[PDB]
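Here is the structure we will look at.
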Amino acid sequence: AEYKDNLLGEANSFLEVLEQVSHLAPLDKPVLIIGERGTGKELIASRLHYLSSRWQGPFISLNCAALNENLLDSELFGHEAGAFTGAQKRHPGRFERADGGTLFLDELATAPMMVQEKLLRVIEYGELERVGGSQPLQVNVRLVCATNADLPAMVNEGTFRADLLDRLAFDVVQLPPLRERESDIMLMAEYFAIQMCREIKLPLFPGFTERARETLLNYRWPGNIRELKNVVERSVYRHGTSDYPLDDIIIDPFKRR
Amino acid sequence: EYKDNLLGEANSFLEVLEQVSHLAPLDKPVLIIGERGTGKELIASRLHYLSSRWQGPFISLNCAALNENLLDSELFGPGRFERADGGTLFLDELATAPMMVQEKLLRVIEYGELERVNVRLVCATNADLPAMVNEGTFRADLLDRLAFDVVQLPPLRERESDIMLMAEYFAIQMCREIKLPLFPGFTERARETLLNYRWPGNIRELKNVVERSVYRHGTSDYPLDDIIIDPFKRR
Amino acid sequence: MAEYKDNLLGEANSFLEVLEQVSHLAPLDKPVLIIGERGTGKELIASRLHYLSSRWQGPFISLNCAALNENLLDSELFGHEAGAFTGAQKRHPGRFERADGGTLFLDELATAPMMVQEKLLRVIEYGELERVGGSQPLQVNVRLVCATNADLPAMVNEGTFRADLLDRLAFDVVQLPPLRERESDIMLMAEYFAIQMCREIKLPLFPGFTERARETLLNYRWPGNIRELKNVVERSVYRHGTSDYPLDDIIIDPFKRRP
Amino acid sequence: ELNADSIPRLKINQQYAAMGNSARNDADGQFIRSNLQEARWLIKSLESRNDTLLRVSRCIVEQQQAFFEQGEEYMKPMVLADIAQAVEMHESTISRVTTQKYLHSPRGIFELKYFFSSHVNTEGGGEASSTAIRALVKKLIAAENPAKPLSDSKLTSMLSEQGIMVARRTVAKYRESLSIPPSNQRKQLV
Amino acid sequence: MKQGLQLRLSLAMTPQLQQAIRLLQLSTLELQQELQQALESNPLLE
DNA sequence: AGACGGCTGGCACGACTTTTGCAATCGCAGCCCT
DNA sequence: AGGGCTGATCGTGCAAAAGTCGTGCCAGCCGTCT
Ligand SMILES: Nc1ncnc2c1ncn2[C@@H]1O[C@H](COP(=O)(O)OP(=O)(O)O)[C@@H](O)[C@H]1O
Ligand SMILES: Nc1ncnc2c1ncn2[C@@H]1O[C@H](COP(=O)(O)OP(=O)(O)O)[C@@H](O)[C@H]1O
Ligand SMILES: [Mg+2]
Ligand SMILES: [Mg+2]
């Protein structure tokens, strides 16, 4: 398909990252994304998958960290047929999604050491994670990683095997810090404001006060998009009817009065 | 009129009530930032009575000890949201729900076919949902969608001037219930004891303490003197 | 009786003699244990052993060692005859039962459960096993393949590995020449990997390697025997242009800081 | 919806049930009870079969809407297991349902089994229905210069321009299915 | 997951009746002939 | 006028289809054999 | 007088062997240009 870069970073670093992504898109190898909390890494990975030659069939961004147990993540990687009884969902579907597709995960540091070893064994062979009483199926699948934690830090911790870290890390995508980016931050903020003014169907766009924009820039805003969207929603809830430029930030539910 | 349960004379309480009324005219989800006791069920009952569609049925869903088979039964594969009809069922203990359960509930709201409803929504949690998401204890998409508009609630410590009015109303209600002739009155000692009480619970604790004090007194002749919530007391 | 040499690379060092010894030991069906280079090459050794084994000898059953905390592993090893053990309630054959006359490619994962190793000791005791809830035992025959990545005697002295586990296994030890020790086919293996990468990327022509790159490779520690070098070659090819001025620019790995 | 006229319906004989319930003879009453049990089982089986067929047809249409609306060219490559996954019944039940069943729609009358088609690898990663591929091949072949008929290799290249991933042997088989003549035979004087 | 036995509560060999029922749904016009044949034998079905 | 080429048709092999062939264990008790 | 044991009633699948196609692949041949 075609990569979607709506509200792409105006910073030249974002453009260089996009150029590297375009270069690697014809290739078929794992990628590591050094991101931050709400930095936009997974959206960048999805855009790369869109640009990754064909549409690459199914695209799944399941995160092992946001799972009840590591056993559930292993079942998602591969479900042995007849093992245990019952399930919350068809576990083999997650494995089948990578078939004719790529592998995308978020916060891979939380993955169990046994799970990491099983994944490393699968990646080299390509076979299905769970045999289920039969020979595992080698599905043609790519891979992508996105963890804020440093891979060398994990190697020092020893949670990930040396082979796992090496073969897993084929491409590195270092997401620029949200606080560090200023021009890209302003461009993205303007794009988000326009998109909100359109979606919220407000008759007139309030715009943005210079003091309000300066205060927003002064905020650390680690969530390049997540915190940005949260602050946009906080300002939208305090709807000024296109006449109040205060842009009060009510994103923090704990904050009151 | 719903008898105006928990009449909050505080300007903040009035603003919260106005925001709740505005949310009630809408049939869209909203978040209620309040804790058990602090989030008195009387407020939720008044909100339900203030439903935009009076014909609309409200189920007022809450966390229950339902097994996995019971969890599927609560789902269509008969849906739980089907019990309510155009009403904001005030979900309770949403932090206690399972991650799979939370995802299933979120998919039921403005979503479909998450794995490869004619009713409003309401929820309230005593825990820090942003912290739990930062701790990875809840679905970020569910937290974001549910928190369309967070409606904070005042705790017992928040109500200071209205505390006296609430105590008077509770005493009147107890006198009506306990067949007391009227409110015998308070004393400076009783008021000081009530003020010094940190009141960890807001609604249920106040009513329970009032009931215990009334049982201790049991008369409408002598005005109230003092009360305590300790395990034991003596002269 | 087929060659199936596959991507058997890096034999210019004493690895040729290691391969000769492996070929000599191939006809025997006794226990097979190796010592693979830490980080890379154990899979290549296993593939070479499988090629040494007859293609019609049997399936090449490979299992990554895991602790006994997962009852599924116990069911795979011992079997599952009764209900609630594995698969259906019937006699779902385990992984060991799945291998009848085939190679048992063991992994030296150094799993925490010594109980798992103790159970595996009975797996190869007289060629027999009993399933979970198995009313009658079953005598089975299968080939065994093992490897290592650490000092077995050190763990034996330290008690990390069961003494009986080492005694029963390791009929003979096969040592992998280290990458810091082989150092012979670095040019040849690097050229083969570069050719494969160029074919994969559809590179018009071979770019060529500067002498400075060869000197750096000689100075490189190369923790991985045949995988880290291949990964470095792939990373360099990604950052280089075939038959162009960018060919000089070589990237060791994305993990290293950008230039 | 199932054709109301076509679906058979059975009704329990109320007079017979009343006679059997009040039958003076114990043997006659027992025989009536056995007959009633058999008839009830048959009626329940027929109703369940009709309902299962309706549900299977609805599920099939859910995935074949593209072919239903756009036409034969937009036919998704689907298998029996694909339909079995969307329902709770097995592929055996799918085969039993997809047995001598014809459904009428705005497009026309088509057999239930005609929906299922082979999966063909294609450029862009997707898979195509062999029926749709044959339809496209026939459309291309018909719209050709009569003086110079298209070669099967040439047709294969043309379809590869759309991502055939076919070696023209399957194209040859499809042409045989459509009775396409040879390139030499197709050519004629202008 | 965790090893265990039945701790809370929660199949069939279809005989000739249900077996022929499964053998049904093969056709519709032909199914009518078999249905008439059965209705001839069964005296409590109309 | 013997070779190029495209067709066609035979051949084979894993991967989708499918069909038929099974018909488990269960609590009553009175009657017949010992 | 005590043991054997007799038939009532029950049940929308599947799986296992078989078949069977999708696709590719080889062998020849004739229309033709050389
Ligand atoms: N270049 C971009 N243009 C438009 N939107 C973007 C861009 N990058 C990120 N986003 C937005 O940021 C949101 C969050 O992205 P991301 O942080 O990658 O997801 P996750 O929370 O899974 O990491 C997405 O919904 C996406 O719309
Ligand atoms: N001649 C060769 N042929 C094929 N692969 C090789 C060769 N030399 C090195 N390798 C690579 O070295 C790697 C060794 O990995 P492995 O030994 O499994 O790691 P670990 O020892 O950490 O388990 C293999 O993935 C293989 O691709
Ligand atoms: Mg994310
Ligand atoms: Mg390894």
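Numbers here mean position along the shown chain, with the first residue as 1.
Per the header of the entry, the method used was electron microscopy, 4.6 Å.
Every residue gets a Cβ built from N, Cα and C, even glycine.
For C:15-237, the entry in Swiss-Prot reads domain 'Sigma-54 factor interaction', with the evidence type sequence analysis. Per Swiss-Prot, ATP binding site is recorded for C:36-43, C:99-108.
In the three-state DSSP scheme, C:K42 (ATP binding site) falls into the helix class. Secondary structure at C:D100 (ATP binding site), taken from DSSP and collapsed to helix, strand or coil, is coil.
Sequence-distant contacts (6 or more apart, same chain, Cβ under 8 Å) of C:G36 (ATP binding site) comprise C:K42, C:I45, C:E108, C:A147, C:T148, C:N149, C:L176.
Each of the binding-site residues C:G36, C:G39, C:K42, C:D100, C:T103, C:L106 was checked for a CB under 8 angstroms from a CB of chain A; the ones meeting this are C:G39. Within the same chain, the residues at least 6 positions away from C:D100 (ATP binding site) whose Cβ sits under 8 Å from its Cβ are C:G58, C:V140, C:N141, C:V142, listed in sequence order.
C:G39 (ATP binding site) is surrounded by 22 other CB atoms, counting those within 10 A of its CB over all protein chains shown. Taking a Cβ distance under 6 Å to any atom of ligand 2 as the criterion, the binding-site residues C:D100, C:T103, C:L106 reduce to none. C:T103 (ATP binding site) has a Cβ environment of 23 other Cβ atoms inside 10 Å. Summarising the environment of C:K42 (ATP binding site), the number of other Cβ atoms within 10 Å of its Cβ, over all protein chains shown, is 24.
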